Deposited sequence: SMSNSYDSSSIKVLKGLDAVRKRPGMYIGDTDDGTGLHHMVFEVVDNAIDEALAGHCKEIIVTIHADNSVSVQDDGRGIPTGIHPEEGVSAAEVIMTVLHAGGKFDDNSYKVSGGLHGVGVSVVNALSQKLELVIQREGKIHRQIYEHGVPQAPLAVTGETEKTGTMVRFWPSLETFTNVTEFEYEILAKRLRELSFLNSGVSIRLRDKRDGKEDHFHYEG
């Protein structure tokens, strides 16, 4: 499953050699937050370009479900992150590392994956008065070539579009490599 994506990544994410697929990785994650907005449960989305070759997408929605199937011991979160709009599990497969943090029902939940493989079970890491989902990922440098860093203008163009196609949703874009920030929202 995850191995299929890792073997023929271009097929799932787009061209791995010119930045297209690299940025589609971000947009797949953003589309999940947009869907939570369209369901009427997320008002703000924050996309952050970190200085360590990762991007985070944060929303203030209900949170990815965190319950466990008692016979299987696997959380819903993990199912969502690992099982095959190409889906966040593709992004996971093609990240050297992905971190998931969910704020839901008063608790913070966290799980780490490498190349889509969960490193330990979803675990409680604190309490919180907020809700939402944060996905931070570091793209696989075995998959992506030539353009391996995120480029502000590509994200800015598409995030602006996503904000005007989903009117009422606030999308912030923050770049920690230079302090650049934008706020996209349409009425």
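Discussion item. Ranges lacking C-alpha coordinates, please, mapped onto the deposited sequence and listed in sequence order.
Written reply: In sequence order, the gaps with no modelled C-alpha are 1 to 15, 100 to 117, 221.
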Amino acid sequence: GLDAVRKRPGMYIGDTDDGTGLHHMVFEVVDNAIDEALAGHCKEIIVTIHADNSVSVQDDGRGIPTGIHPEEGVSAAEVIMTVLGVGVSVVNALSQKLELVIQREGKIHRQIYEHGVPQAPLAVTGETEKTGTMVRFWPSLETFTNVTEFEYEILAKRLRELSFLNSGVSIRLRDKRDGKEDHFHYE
From here on, numbers count along this sequence of modelled residues.
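Note that the rigid core is defined as the largest set of C-alphas that superpose within 1.5 Å between two forms.
Item to complete: Could you tell me which of the two stretches, 120 to 128 or 64 to 72, has its Cα atoms lying farther from the shown structure in 6 other deposited structures of this protein after fitting on the rigid core?
Response: The more displaced stretch in 6 other deposited structures of this protein turns out to be 64 to 72.
Worksheet item: Do the C-alpha atoms of 50 to 58 or of 37 to 45 have the higher average B factor in the entry?
Response: It is 37 to 45 that shows the higher mean C-alpha B-factor.
Item to complete: Give the stretch, out of 156 to 164 and 65 to 73, with the larger mean C-alpha temperature factor in the deposited entry.
Response: For C-alpha atoms only, the mean B-factor is higher in 65 to 73.
Item to complete: Select lowest, middle or highest to describe the third in which the CA B-factor of residue 177 falls within its chain in this entry.
Response: Highest third.
Discussion item. Based on the deposited C-alpha B factors for this chain, I'd like to know if residue 96 is in the lowest, middle or highest third.
Written reply: Within its chain, residue 96 is a middle-third residue by C-alpha B-factor, going by the deposited values.
Worksheet item: Which third, lowest, middle or highest, does the CA B-factor of residue 22 fall in along this chain?
Response: It falls in the bottom third of the chain.
Worksheet item: Which third of the chain does residue 102 land in by C-alpha B-factor: lowest, middle or highest?
Response: CA B-factor rank for residue 102: lowest third.
Worksheet item: According to the PDB entry, is the CA B factor of residue 82 in the bottom, middle or top third of its chain, that is, lowest, middle or highest?
Response: Top third by C-alpha B-factor.
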